[PDB]
C-alpha cells in the first residue's frame, strides 16, 4: 500500500486534469467565471503535492477553536450587518464547537441561555436581538443552540405555548408559512417551523396541513426544489424542503428519483465541492446544504425498501468533498469559508464543518462506515442530517419535550 505518512488524493490524480471545464470554444460570463475558479483551485491542489509525496491533510482544529471561542463573546462593528441575526451567531458557533468536540464552559452555556431568553418575544418565537420582532430564522437558530447546550435550564427557556401560537400566526391557507409577521414566503419557513415544532413537541394535526403539498409544488423540472413554486432549484431551498418533509414523514410526496439525480449532479467534477445551482460556482457551505441531502434521500429510499442502496457510502463522492473542504476552505488564521480568496465568517465555518462531518460518517441501521481523510484527529463528531446538531442532542431534546404536553392540545 502506502506508508502511513503519505495518502494519495483523488483531486491529485493525473486523470483529474481531464475534469477541467470544456467550454466548447464558446465563452460566456458563466464559463469565464467557472474557469477562473478552477484555475485557482488547481493551484491550491498542486501545493499539497510534492511529486509522489502527499502528506496527510490536516483540519486546523485549534485555530478554528480560537476563532470560534473569541466570536462567541465579542465582535467588532464589522458585524453590524448581523445585528438582526445574533441567535444565528450563537448557533453557528456552538455547533462548530460541538462538531470539533470542544466543551462549552458552564458559564458560557448559562450566558448564552440568558441572552437567548432576552431574544425571545412575548408573542412567541425568537427575534434577531433583544426587543426585535420574532422571525423563523432566528427562532430556528435559538432552538438549535439551546438544544446543543442541552441542559434543563436551556430547554426551559423556550415558551412552548407562545411558540405554537406564533407558528399558527404565520401559517397560510396554501400550506406555506411567512418568515415573520407581514414577512416574505419561501421554503425556509416550512423547515424552520417543522424543525422547532418537532424538537419541542408542539406539532398539532392541523399545524402542517397542506405544507407537504406546497413543498412538493416547489420541486421543479430540474428535480431540485426552489424557494417558491416555479423558481429555480437551489441547494439551500432543497435542503429545507426535503428536511421538512422528512420531519412530516411525507418525503414520498416528491419525485425522489429526479431529486437524487439533481443533487448528485451538483457536485463539481473538478473542485470536488458542491455548487448551489446548475452553472453557478462551488461553495463550501453547500458541503452541508447539498451533500446533506444524500443522508436524507438514503433514509427516504431505505424506508421504501430500496434493495439497491449502499450499506457503506452516501451517494456522492465523500473523499472528493473532504479534499475540497480541507485544502480549499480553511483560513490559515482559523475559521472556514466559501472558496479560496474569500474571507472567513461563522456561517461558512459552521456549514463547512457540518458537511465535512457528513462526508466522514455513513450510518444506516446497524451499519456504520467511516471515511476520515487525512490525520485521524480530523474526525469530527457526527451531526443529525435533519436538524444539523449532534444526534445525541436531538435524542435528548425530543425525549425531554415529549414528556410535556402539546400546548393546549390533547
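Residue numbers count along the first chain shown, from 1.
- When the C-alpha B-factors of 108-116 and 213-221 are averaged, 108-116 comes out higher.
- When the mean C-alpha temperature factors of 373-381 and 358-366 are read from the deposited coordinates, 358-366 comes out higher.
- Comparing the C-alpha B-factors of 229, 235, 292, 150 in the entry, the top value falls on 150.
- Residue set 276, 332, 241, 127: peak C-alpha B-factor at 332 (per PDB entry).
- The entry lists a Cα temperature factor for residue 324 that places it in the lowest third of the chain's modelled residues.
- The entry lists a Cα temperature factor for residue 283 that places it in the lowest third of the chain's modelled residues.
- When the CA B factors of the chain's modelled residues are split into thirds, the value for residue 386 lands in the lowest one.
- For residue 179, the recorded CA B-factor ranks within the middle third of the chain. Only modelled residues enter the ranking.
- In this PDB entry, residue 270 carries a Cα temperature factor that places it within the middle third of its chain's modelled residues.
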